[PDB]
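Colleague: Handing you this structure, nothing more for now.
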There are 2 protein chains.
Amino acid sequence: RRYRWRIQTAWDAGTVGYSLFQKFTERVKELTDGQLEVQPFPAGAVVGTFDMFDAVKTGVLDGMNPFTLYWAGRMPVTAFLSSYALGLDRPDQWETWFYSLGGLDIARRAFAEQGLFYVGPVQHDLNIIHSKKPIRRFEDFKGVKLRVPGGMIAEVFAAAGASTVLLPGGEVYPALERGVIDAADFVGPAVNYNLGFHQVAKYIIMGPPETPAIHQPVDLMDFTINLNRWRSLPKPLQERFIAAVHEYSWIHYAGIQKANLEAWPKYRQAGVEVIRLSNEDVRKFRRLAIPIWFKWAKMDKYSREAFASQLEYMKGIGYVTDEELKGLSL
Amino acid sequence: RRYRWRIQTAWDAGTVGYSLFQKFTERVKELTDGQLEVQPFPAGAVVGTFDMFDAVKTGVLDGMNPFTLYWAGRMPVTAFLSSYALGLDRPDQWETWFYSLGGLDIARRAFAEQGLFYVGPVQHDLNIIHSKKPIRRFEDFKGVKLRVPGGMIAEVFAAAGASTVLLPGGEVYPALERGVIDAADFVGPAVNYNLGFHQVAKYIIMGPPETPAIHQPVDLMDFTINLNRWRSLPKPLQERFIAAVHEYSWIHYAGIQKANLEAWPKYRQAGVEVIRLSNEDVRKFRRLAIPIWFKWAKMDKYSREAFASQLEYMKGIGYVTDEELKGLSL
Ligand SMILES: [Ca+2]
Ligand SMILES: [Ca+2]
């Protein structure tokens, strides 16, 4: 018997990300000798991006390739299954945490309670911010209407005085064009260019060279499958799909990074100015961020479990000092 | 039809690396439903580590899991298929170069001329140095007899005044114990501890926090198969083995990194002092390293091709300035 799964991605059609996702479906067919095929759908083709969770839960979709933290408002732990401000900031650190420090099992247990099978994380990129007006220091965030992906990311910017809004990446261009928002984070340079941000915002705001991505340094995607659908798939094919997703994680990461190298010169040609914040701006954000990490960790049992092991790992690699954790504990 | 390959690894028996490699063989069996099985062999079990290349080329071994740059003396390009001093220094950069910037095909073409199939790189770790006496500054390397893995790694230390020796990792302990050498680089902290270096050298020499690994920040392994054995394998299984190796690359990396976290406290208990060199020391090594990149790059068509794309990538991410390239060329 052969299996066919409908899977929608958070990537919009006409982006480098969707092209990579389409190629993944061909790779899955190849690795399973046609026994398991994935029918790809670009963002919004079946349901809205933020509605994918419920669509997969019910079976309208068989699976999804979202940015994991989109479920932060309903599953606290998902804010810890993708990067948060000023924490672990390299792809390899998130890979180690998931694959040898216990992160994958925490994600699987949390998603199983929701009737979903979390396959694994998909590496991707850091994220940048586009702004219509210059934001040159920490204090310039006050009063900025900023699109962000909710959760802990939005909470940190709200603590910096911004008015945050949640919108799918495909709605950012018209929101900026119409002046509904002043600035927007979405993903890295290449996809944001595919979406036209350079024509509706003349600035890019990044951290200093020492900390280029303050809010989302490792913006992970994942594959999450309807649990019944997953359990119905023969084990040999389940294992081949897990391996296919892990291989794709890095093929996707590499494809996005190649496109990003090609994108920076295009921003220069479009007259977009890249503004770099300072090391002191980062210290200000850090004092806002750390207590917010603990607030989120304290929401439920899974968020606490995930943050506890990430905090131990950060201490082990010198990312956090005991002094800056004064008054904060699990 | 079932296929069985004997593959020897550069990892010695009794190390975390070898344990990870044994688990990989089980994973391969699982992913191929038993159609392709790998019989693992630890370092030296069938042939000496540096003799694996000829063993695989001639069919004595079906494949190998070496540190790729061990072939630098016979294949110049292999010095560019693993990290070299002060160049690309993050796992993700090497992953991008191989998987989207053309590196994998350069490696495959170069190895095919040798009658070998280069499957793909296996992520691993940065490397540290163990010394019997303190080495606290750049100038302290002069006169030190140091074990290193040849190629560009040895050339950079030779340029700093050290006398270099090539020895397999399994001979480093007796070389230090008997005073044949003064210091040795091998791999990361956990495996070097498995091999007992803390008993025979009471110092670890590392770069500053800003540049912890000056010489080998991304010490890649790989899987290389006898070309005829490879071509004899059905395409579906070839593709499954490629996916298995790419999944393993990161499972191996994560396993090594978890072990490393556990090893540091053991060095403290063993009375080993971790010495940190300075940013100025790194600058002194950099003045020697860059010219050596160019010296090796011009050795043949493949080294030229690989370094040319790595250099363009380094320029794109700000790893090299035009000023420091003044006076250098291929
Ligand atoms: Ca974002
Ligand atoms: Ca080494």
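Chain lettering (A, B, ...) mirrors the order of the structure tokens, residue numbering begins at 1 for each chain separately, and ligand numbering begins at 1 in order of display.
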Given a cut-off of 8 Å, which residues of chain B touch chain A, counting only C-alpha atoms, written out as a PyMOL selection string?

Modeller: chain B and resi 30-31+33+91-92+95-97+99-101+236+239-240+243-244+246-247+250-251+253-255+257-258+261+316

Colleague: Output N, CA, C and O atoms for every residue in that selection, as a CSV table (one decimal), in the first residue's frame.

Modeller:
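Result written to again.csv:
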chain,number,residue,atom,x,y,z
B,30,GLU,N,18.6,-0.1,9.9
B,30,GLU,CA,17.2,0.3,10.1
B,30,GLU,C,16.6,1.0,8.9
B,30,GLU,O,15.5,0.7,8.4
B,31,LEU,N,17.4,2.0,8.4
B,31,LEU,CA,17.0,2.8,7.2
B,31,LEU,C,16.9,2.0,5.9
B,31,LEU,O,16.2,2.5,5.0
B,33,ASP,N,16.2,-1.4,5.8
B,33,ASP,CA,15.5,-2.6,6.1
B,33,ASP,C,16.4,-3.8,5.9
B,33,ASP,O,16.0,-4.8,5.4
B,91,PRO,N,30.2,25.3,12.4
B,91,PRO,CA,29.7,24.2,11.7
B,91,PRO,C,28.7,24.6,10.5
B,91,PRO,O,28.8,24.0,9.4
B,92,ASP,N,27.9,25.6,10.8
B,92,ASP,CA,26.9,26.0,9.8
B,92,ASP,C,27.5,26.6,8.5
B,92,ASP,O,27.0,26.5,7.4
B,95,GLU,N,28.7,23.7,6.5
B,95,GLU,CA,27.5,23.0,6.0
B,95,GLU,C,27.0,23.8,4.7
B,95,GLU,O,26.7,23.2,3.7
B,96,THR,N,26.9,25.1,4.8
B,96,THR,CA,26.5,25.9,3.7
B,96,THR,C,27.5,25.7,2.5
B,96,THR,O,27.0,25.5,1.4
B,97,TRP,N,28.8,25.8,2.8
B,97,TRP,CA,29.7,25.7,1.7
B,97,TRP,C,29.6,24.4,0.9
B,97,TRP,O,29.5,24.4,-0.3
B,99,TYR,N,26.9,22.2,1.0
B,99,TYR,CA,25.6,21.9,0.5
B,99,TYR,C,24.9,22.8,-0.4
B,99,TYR,O,24.0,22.4,-1.1
B,100,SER,N,25.3,24.1,-0.5
B,100,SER,CA,24.7,25.0,-1.4
B,100,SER,C,25.7,25.8,-2.2
B,100,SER,O,25.3,26.2,-3.3
B,101,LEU,N,26.9,25.9,-1.8
B,101,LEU,CA,27.9,26.7,-2.5
B,101,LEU,C,28.9,25.9,-3.4
B,101,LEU,O,29.8,26.5,-3.9
B,236,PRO,N,18.5,3.4,-5.2
B,236,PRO,CA,17.7,3.7,-4.0
B,236,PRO,C,18.5,3.6,-2.7
B,236,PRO,O,18.3,4.4,-1.8
B,239,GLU,N,21.0,6.5,-2.4
B,239,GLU,CA,20.4,7.7,-1.9
B,239,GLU,C,20.1,7.5,-0.4
B,239,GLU,O,20.2,8.5,0.4
B,240,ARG,N,19.6,6.3,0.0
B,240,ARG,CA,19.4,6.2,1.4
B,240,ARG,C,20.6,6.3,2.3
B,240,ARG,O,20.6,6.8,3.4
B,243,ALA,N,21.5,10.0,2.7
B,243,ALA,CA,20.6,10.6,3.7
B,243,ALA,C,21.1,10.1,5.1
B,243,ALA,O,21.1,10.9,6.0
B,244,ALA,N,21.4,8.8,5.2
B,244,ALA,CA,21.8,8.3,6.5
B,244,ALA,C,23.1,9.0,7.0
B,244,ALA,O,23.2,9.4,8.2
B,246,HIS,N,24.1,12.1,6.2
B,246,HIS,CA,23.8,13.5,6.5
B,246,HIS,C,23.1,13.6,7.9
B,246,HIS,O,23.4,14.5,8.7
B,247,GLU,N,22.2,12.7,8.1
B,247,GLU,CA,21.5,12.6,9.4
B,247,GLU,C,22.6,12.3,10.5
B,247,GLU,O,22.7,13.0,11.5
B,250,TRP,N,25.0,15.1,12.0
B,250,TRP,CA,24.5,16.0,13.1
B,250,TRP,C,24.2,15.2,14.4
B,250,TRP,O,24.3,15.7,15.5
B,251,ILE,N,23.9,13.9,14.3
B,251,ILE,CA,23.7,13.1,15.5
B,251,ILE,C,25.1,12.9,16.1
B,251,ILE,O,25.2,13.0,17.3
B,253,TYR,N,27.7,14.9,15.7
B,253,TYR,CA,28.1,16.3,16.2
B,253,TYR,C,27.5,16.5,17.6
B,253,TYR,O,28.1,16.8,18.6
B,254,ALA,N,26.2,16.2,17.7
B,254,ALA,CA,25.5,16.5,19.0
B,254,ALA,C,26.0,15.5,20.1
B,254,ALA,O,26.1,16.0,21.2
B,255,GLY,N,26.3,14.3,19.8
B,255,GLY,CA,26.8,13.3,20.8
B,255,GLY,C,28.1,13.8,21.3
B,255,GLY,O,28.4,13.7,22.5
B,257,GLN,N,29.3,16.9,21.3
B,257,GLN,CA,29.1,18.1,22.1
B,257,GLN,C,28.6,17.8,23.5
B,257,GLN,O,29.0,18.5,24.4
B,258,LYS,N,27.7,16.9,23.6
B,258,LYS,CA,27.2,16.5,25.0
B,258,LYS,C,28.4,16.0,25.8
B,258,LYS,O,28.5,16.3,26.9
B,261,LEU,N,30.7,18.7,27.1
B,261,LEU,CA,30.2,19.4,28.3
B,261,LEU,C,30.5,18.7,29.6
B,261,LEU,O,30.9,19.3,30.6
B,316,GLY,N,32.1,37.5,1.6
B,316,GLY,CA,30.7,37.8,1.7
B,316,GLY,C,30.2,37.9,3.2
B,316,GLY,O,29.3,38.7,3.5

Colleague: Could you list, as a list in words, every residue within 10 Å of residue 217 in chain A, counting only C-alpha atoms and ignoring same-chain residues fewer than 6 positions away?

Modeller: residues 82, 83, 84, 85, 86, 87, 88, 89, 90, 91, 124, 125, 126, 127, 128, 188 and 211 of chain A

Colleague: With distances taken over only C-alpha atoms, which residue among B:53, B:118, B:294, B:141 lies nearest residue 227 in chain B?

Modeller: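 Ranking B:53, B:118, B:294, B:141 by distance to residue 227 in chain B, first place goes to B:118.
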
Colleague: Looking at only C-alpha atoms and all ligand atoms, which of A:275, A:61, A:154, A:225 is the one that sits closest to ligand 1?

Modeller: A:154

Colleague: Output as CSV one row per residue of chain A within 7 Å of ligand 1: the closest atom pair and its distance in Å to one decimal place, counting only C-alpha atoms and all ligand atoms, sorted by chain and residue number ascending.

Modeller:
residue,atom,partner,partner_atom_place_in_ligand_line,distance
A:127,CA,ligand 1,1 (Ca),5.3
A:148,CA,ligand 1,1 (Ca),6.1
A:149,CA,ligand 1,1 (Ca),6.0
A:185,CA,ligand 1,1 (Ca),5.1
A:186,CA,ligand 1,1 (Ca),3.9
A:187,CA,ligand 1,1 (Ca),4.8
A:216,CA,ligand 1,1 (Ca),6.2
A:219,CA,ligand 1,1 (Ca),6.9

Colleague: Just to confirm, what's the straight-line distance from CA of residue 134 in chain A to CA of residue 191 in chain A in Å (one decimal)?

Modeller: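 If I compute the distance from CA of residue 134 in chain A to CA of residue 191 in chain A, I get 21.6 Å.
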
Colleague: Can you work out the spacing between CA of residue 215 in chain A and CA of residue 155 in chain A in Å, to one decimal?

Modeller: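 For CA of residue 215 in chain A relative to CA of residue 155 in chain A, the distance reads 10.6 Å.
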
Colleague: Per DSSP on the backbone, filter range 156-186 of chain B down to the residues in alpha helix (DSSP H) and report them as a VMD selection string.

Modeller: chain B and resid 156 to 159 172 to 177

Colleague: Convert the current residue selection to file output with N, CA, C and O atoms, as a PDB file, in the first residue's frame.

Modeller:
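Output (again03.pdb):
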ATOM      1  N   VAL B 156      51.003  25.873   9.625  1.00  0.00           N
ATOM      2  CA  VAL B 156      50.821  27.090  10.411  1.00  0.00           C
ATOM      3  C   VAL B 156      51.636  27.046  11.708  1.00  0.00           C
ATOM      4  O   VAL B 156      52.248  28.052  12.099  1.00  0.00           O
ATOM      5  N   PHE B 157      51.660  25.898  12.388  1.00  0.00           N
ATOM      6  CA  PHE B 157      52.443  25.824  13.616  1.00  0.00           C
ATOM      7  C   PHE B 157      53.942  25.861  13.323  1.00  0.00           C
ATOM      8  O   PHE B 157      54.700  26.448  14.101  1.00  0.00           O
ATOM      9  N   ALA B 158      54.354  25.266  12.206  1.00  0.00           N
ATOM     10  CA  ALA B 158      55.774  25.274  11.828  1.00  0.00           C
ATOM     11  C   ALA B 158      56.189  26.735  11.609  1.00  0.00           C
ATOM     12  O   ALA B 158      57.306  27.140  11.978  1.00  0.00           O
ATOM     13  N   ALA B 159      55.292  27.525  11.018  1.00  0.00           N
ATOM     14  CA  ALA B 159      55.573  28.945  10.759  1.00  0.00           C
ATOM     15  C   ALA B 159      55.723  29.742  12.053  1.00  0.00           C
ATOM     16  O   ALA B 159      56.361  30.806  12.070  1.00  0.00           O
ATOM     17  N   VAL B 172      49.257   9.378  20.601  1.00  0.00           N
ATOM     18  CA  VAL B 172      49.541  10.612  21.300  1.00  0.00           C
ATOM     19  C   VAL B 172      49.819  10.407  22.783  1.00  0.00           C
ATOM     20  O   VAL B 172      50.718  11.032  23.331  1.00  0.00           O
ATOM     21  N   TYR B 173      49.054   9.536  23.441  1.00  0.00           N
ATOM     22  CA  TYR B 173      49.284   9.301  24.859  1.00  0.00           C
ATOM     23  C   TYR B 173      50.718   8.809  25.126  1.00  0.00           C
ATOM     24  O   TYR B 173      51.421   9.399  25.932  1.00  0.00           O
ATOM     25  N   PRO B 174      51.150   7.719  24.461  1.00  0.00           N
ATOM     26  CA  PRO B 174      52.531   7.297  24.746  1.00  0.00           C
ATOM     27  C   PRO B 174      53.567   8.314  24.303  1.00  0.00           C
ATOM     28  O   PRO B 174      54.616   8.442  24.936  1.00  0.00           O
ATOM     29  N   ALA B 175      53.294   9.052  23.222  1.00  0.00           N
ATOM     30  CA  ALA B 175      54.263  10.059  22.782  1.00  0.00           C
ATOM     31  C   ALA B 175      54.439  11.123  23.867  1.00  0.00           C
ATOM     32  O   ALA B 175      55.548  11.570  24.144  1.00  0.00           O
ATOM     33  N   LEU B 176      53.338  11.553  24.485  1.00  0.00           N
ATOM     34  CA  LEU B 176      53.442  12.520  25.568  1.00  0.00           C
ATOM     35  C   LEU B 176      54.051  11.886  26.826  1.00  0.00           C
ATOM     36  O   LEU B 176      54.940  12.464  27.459  1.00  0.00           O
ATOM     37  N   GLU B 177      53.589  10.680  27.158  1.00  0.00           N
ATOM     38  CA  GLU B 177      54.052   9.999  28.370  1.00  0.00           C
ATOM     39  C   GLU B 177      55.560   9.773  28.364  1.00  0.00           C
ATOM     40  O   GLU B 177      56.236  10.010  29.371  1.00  0.00           O
TER      41      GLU B 177
END

Colleague: Write out as a list in words which residues come within 7 Å of range 300-305 of chain A when counting only C-alpha atoms, dropping same-chain ones fewer than 5 positions away.

Modeller: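 Neighbouring residues, sequence-local ones excluded: residues 76, 77, 80, 106 and 110 of chain A.
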
Colleague: Please compute the CA of residue 51 in chain B-CA of residue 22 in chain B distance, one decimal, in Å.

Modeller: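 About the pair CA of residue 51 in chain B and CA of residue 22 in chain B: they are 20.9 Å apart.
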
Colleague: Just list as a PyMOL selection string whatever in range 128-282 of chain A DSSP marks as strand (DSSP E or B).

Modeller: chain A and resi 129-131+145-147+163-165+183-185+203-206+221-226+273-276

Colleague: Save the residues we just selected, N, CA, C and O atoms, as a short mmCIF file (atom, residue, chain, number, x, y, z; two decimals), in the first residue's frame?

Modeller:
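Contents of the output file part12.cif:
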data_model
loop_
_atom_site.label_atom_id
_atom_site.label_comp_id
_atom_site.auth_asym_id
_atom_site.auth_seq_id
_atom_site.Cartn_x
_atom_site.Cartn_y
_atom_site.Cartn_z
N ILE A 129 14.97 42.88 10.61
CA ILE A 129 13.84 43.80 10.73
C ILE A 129 13.94 44.86 9.65
O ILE A 129 15.04 45.36 9.34
N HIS A 130 12.79 45.19 9.06
CA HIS A 130 12.70 46.24 8.05
C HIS A 130 11.90 47.39 8.66
O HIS A 130 10.89 47.14 9.31
N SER A 131 12.33 48.62 8.44
CA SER A 131 11.62 49.76 9.03
C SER A 131 11.48 50.90 8.03
O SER A 131 12.37 51.12 7.22
N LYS A 145 5.17 50.72 15.69
CA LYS A 145 4.16 49.69 15.45
C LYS A 145 4.95 48.60 14.70
O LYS A 145 5.32 48.77 13.53
N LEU A 146 5.17 47.48 15.39
CA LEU A 146 6.05 46.42 14.88
C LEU A 146 5.41 45.07 14.71
O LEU A 146 4.86 44.54 15.66
N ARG A 147 5.48 44.52 13.50
CA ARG A 147 4.98 43.18 13.29
C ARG A 147 6.10 42.22 13.74
O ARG A 147 7.28 42.39 13.39
N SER A 163 4.69 48.72 19.94
CA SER A 163 3.30 48.25 19.89
C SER A 163 3.38 47.08 18.92
O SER A 163 3.54 47.29 17.72
N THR A 164 3.24 45.86 19.42
CA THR A 164 3.40 44.70 18.55
C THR A 164 2.12 44.21 17.89
O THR A 164 1.02 44.38 18.43
N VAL A 165 2.27 43.63 16.70
CA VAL A 165 1.11 43.07 16.03
C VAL A 165 1.51 41.76 15.39
O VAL A 165 2.66 41.57 14.97
N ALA A 183 7.26 49.03 11.10
CA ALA A 183 8.40 48.14 10.92
C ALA A 183 7.93 46.70 11.05
O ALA A 183 6.85 46.43 11.58
N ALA A 184 8.75 45.79 10.55
CA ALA A 184 8.41 44.39 10.60
C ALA A 184 9.59 43.47 10.62
O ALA A 184 10.53 43.62 9.84
N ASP A 185 9.53 42.52 11.54
CA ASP A 185 10.49 41.45 11.49
C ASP A 185 9.73 40.39 10.62
O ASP A 185 8.49 40.40 10.55
N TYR A 203 14.84 50.96 5.35
CA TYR A 203 15.86 50.59 6.32
C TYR A 203 15.76 49.14 6.76
O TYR A 203 14.67 48.55 6.76
N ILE A 204 16.90 48.60 7.13
CA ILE A 204 16.98 47.27 7.75
C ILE A 204 17.66 47.58 9.08
O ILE A 204 18.64 48.33 9.13
N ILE A 205 17.12 47.02 10.16
CA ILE A 205 17.67 47.24 11.49
C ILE A 205 18.26 45.92 11.97
O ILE A 205 17.53 44.91 12.01
N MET A 206 19.55 45.91 12.30
CA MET A 206 20.21 44.70 12.80
C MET A 206 20.98 45.04 14.05
O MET A 206 21.17 46.22 14.39
N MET A 221 12.03 25.95 11.81
CA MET A 221 10.76 25.45 11.31
C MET A 221 10.72 24.00 11.83
O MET A 221 11.59 23.60 12.62
N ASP A 222 9.69 23.23 11.46
CA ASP A 222 9.67 21.82 11.86
C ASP A 222 8.71 21.12 10.93
O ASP A 222 8.14 21.74 10.04
N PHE A 223 8.62 19.80 11.10
CA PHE A 223 7.53 19.05 10.46
C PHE A 223 6.75 18.45 11.62
O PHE A 223 7.33 17.84 12.53
N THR A 224 5.43 18.64 11.58
CA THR A 224 4.51 18.13 12.60
C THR A 224 3.40 17.42 11.82
O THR A 224 2.78 17.99 10.92
N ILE A 225 3.16 16.16 12.21
CA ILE A 225 2.19 15.32 11.51
C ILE A 225 1.00 14.96 12.39
O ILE A 225 1.13 14.83 13.61
N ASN A 226 -0.16 14.80 11.77
CA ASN A 226 -1.34 14.38 12.53
C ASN A 226 -0.95 13.06 13.22
O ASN A 226 -0.42 12.16 12.57
N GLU A 273 19.17 51.08 3.49
CA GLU A 273 20.29 51.29 4.41
C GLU A 273 20.20 50.29 5.56
O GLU A 273 19.15 50.15 6.18
N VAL A 274 21.31 49.59 5.81
CA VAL A 274 21.39 48.65 6.92
C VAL A 274 21.94 49.43 8.13
O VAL A 274 23.08 49.92 8.12
N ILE A 275 21.10 49.56 9.15
CA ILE A 275 21.46 50.25 10.38
C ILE A 275 21.89 49.19 11.40
O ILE A 275 21.26 48.13 11.51
N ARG A 276 22.98 49.45 12.10
CA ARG A 276 23.46 48.52 13.12
C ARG A 276 23.31 49.17 14.50
O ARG A 276 23.76 50.30 14.72
#

Colleague: When you count only C-alpha atoms, which of these residues is closest to residue 60 in chain B: B:6, B:315, B:142, B:137?

Modeller: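 Checking each candidate against residue 60 in chain B, we get B:6 as the closest.
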